[PDB]
Amino acid sequence: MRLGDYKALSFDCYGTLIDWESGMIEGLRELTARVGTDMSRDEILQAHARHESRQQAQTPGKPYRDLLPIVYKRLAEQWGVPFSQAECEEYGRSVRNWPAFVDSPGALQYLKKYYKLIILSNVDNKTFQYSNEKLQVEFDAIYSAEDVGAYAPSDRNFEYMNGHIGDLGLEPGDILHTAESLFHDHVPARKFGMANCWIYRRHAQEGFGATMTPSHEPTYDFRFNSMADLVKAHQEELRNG
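Residues numbered from 1 in each chain as written, not as in the entry; some residues may be left out. Heavy atoms only, no water.

- Regarding how it was determined, this PDB entry cites X-ray crystallography in its header, along with a resolution of 1.43 Å.

The structure is reproduced here in structure tokens:
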């Protein structure tokens, strides 16, 4: 029950470290403006969650940068608005510009001093390098959907990570999986018997945003509203332990 009991943290990226909700809102705004500005942020995010999760199941080996153009098309068609294939492909390129949460770089730099840092992310490797540059830290391992050939919450993603962490000198019990998404991360993490830390980025925001409603709310061993609060809790453990 202590953060210091773990040798490594594994992180989801998009939603936990990178603010993908703000990033996709910006990437979609020319399209959503054709619908109308009355359509709310939550409606946009949930419509994207629906098409993204379904397309990730349909074509699990498609690189994320090539999958999001299809999601853009599905949304435009659902909303009945004109669009172009060029706009679709540009949207898939927009991921590299999705911004970090402002607390993520400093938090990751702090945590690097105490833990090996692992990424488990629904992304392609070419795209992720740009997010990695925004995060300003070296990851001990990056396990991407491209490496896996499937997208979380597929069993294959945790299985792939578990099959490689031995190369880092780690076993599954050494790792605290740290993530925002109940659907993508915490349901599978609990299925795999992982210890888990919920970074509840949407603590003040109604609904699930860009993640799907999970089949159930899974258990979590730790919860914090931000990466900055995770770091403060680690500092508190060292100060008072």
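**Some points on the overall build of the protein chain**
Working step 1: Looking only at helices and strands, one finds 10 helices and 6 strands in the protein chain.
Working step 2: Computed over C-alpha atoms, the radius of gyration of the protein chain comes to 18 Å, within 12% of the 18 Å expected from 2.2 N^0.38 for 241 residues, which places it in the range of a compact globule.
Working step 3: If one aligns the C-alpha atoms of the protein chain with their principal axes, the spans along those axes are about 60 × 35 × 35 Å.
Working step 4: Counting every position in the protein chain, which comprises 241 residues, the buried fraction comes to 52%.
Working step 5: Of the contacts formed within the protein chain by residues at least 6 apart in sequence, a portion of 71% connects residues at least 24 apart. (Helix = DSSP H or I, 4+ residues; strand = E, 2+ residues; numbered from the N terminus. Rg over C-alpha atoms; globule rule 2.2 N^0.38 Å. Buried < 20%, exposed > 50% of the residue type's maximum accessible area, 1.4 Å probe, protein only. Contact = heavy atoms within 4.5 Å.)

**Some thoughts on the nonpolar core**
Working step 1: One finds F11, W98, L111 and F139 to be the most contacted residues of the largest nonpolar core, which totals 54 residues.
Working step 2: For this core, the leading source of residues is helix α3 (residues 64-79), giving 8 residues.
Working step 3: Two domains each donate at least three residues to this core, and these are domain 1 (1-19 + 97-241) and domain 2 (20-96).
Working step 4: Look past the residues within four positions of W98 in its chain and what remains in contact with it is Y14, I18, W20, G23, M24, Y64, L68, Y91 and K134.
Working step 5: In terms of nonpolar packing, the next biggest core, distinct from the first, is built from 13 residues, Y143, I165, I175 and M194 among them. (Core = buried A, V, L, I, M, F, W, Y, C linked by side-chain atoms within 4.5 Å. Domains from an automatic or database assignment.)

**Digging into the packing of aromatic side chains**
Working step 1: All chains considered together, the criterion is met by 12 aromatic pairs.
Working step 2: Taken together, a centroid distance of 6.2 Å and an interplanar angle of 50° make the contact between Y64 and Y151 tilted. With a gap of 87 residues between them, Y64 in helix α3 and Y151 in the loop between α7 (145-148) and α8 (155-164) connect regions that are remote in the sequence.
Working step 3: Seen in terms of ring centroids, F128 and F139 are 6.1 Å apart; in terms of plane orientation they differ by 50°. Their pairing is tilted. Taken together, the residues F128 in helix α6 (residues 125-135) and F139 in the loop between α6 and β3 (141-144) connect sequence positions 11 residues apart. Here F128 matches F139 in class, with each residue buried.
Working step 4: Here a set of aromatic residues connected by ring pairs shows up, and it is made of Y14, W20, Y64, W98 and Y151.
Working step 5: It is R96 that lies over the ring of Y130; its NZ or CZ is 5.8 Å from the centre. (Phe/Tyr/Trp six-rings, centres within 6.5 Å; stacked < 30°, edge-to-face > 60°. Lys NZ or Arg CZ within 6 Å of the ring centre and 35° of its normal.)

**Side note on the sheet that holds strand β1 (residues 8-11)**
Backbone hydrogen bonds hold the strands of a sheet together, and the pairing may be parallel or antiparallel.
Working step 1: One open sheet holds the 6 strands; their spatial order is β3-β2-β1-β4-β5-β6, and the pairing between them is parallel. Across the chains shown, the open sheet's two edge strands, defined by having one partner strand only, are β3 and β6 (222-224). Going from strand to strand, the sheet's axes swing by 20° on average, the running direction of each strand aside.
Working step 2: Relative to strand β2 (residues 116-121), β1 runs parallel, the two being bridged by 4 bridges. Bridge pairing in β2 places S10 opposite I118.
Working step 3: In the packing of α8 onto the sheet, the strands contacted are β1, β2, β3 and β4 (175-179), and the crossing angle to β2 comes to about 150°. (Pairing = 2+ DSSP bridges. Axes fitted to C-alpha atoms, helices over the stretch in contact; angles between N-to-C directions.)

**Details of unusual backbone geometry**
Working step 1: In this structure, the amide linkage connecting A152 to the following residue, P153, adopts the cis form with an omega of 10°.
Working step 2: With respect to the helices and strands, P153 occurs in the loop between α7 and α8.
Working step 3: Within the chain, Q136 stands out as a residue other than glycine whose phi angle is a positive 60°.

**Quick look at the side chain of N132**
Working step 1: With respect to the helices, strands and loops of the structure, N132 is situated in helix α6.
Working step 2: With a relative accessible area of 17%, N132 lands in the buried category.

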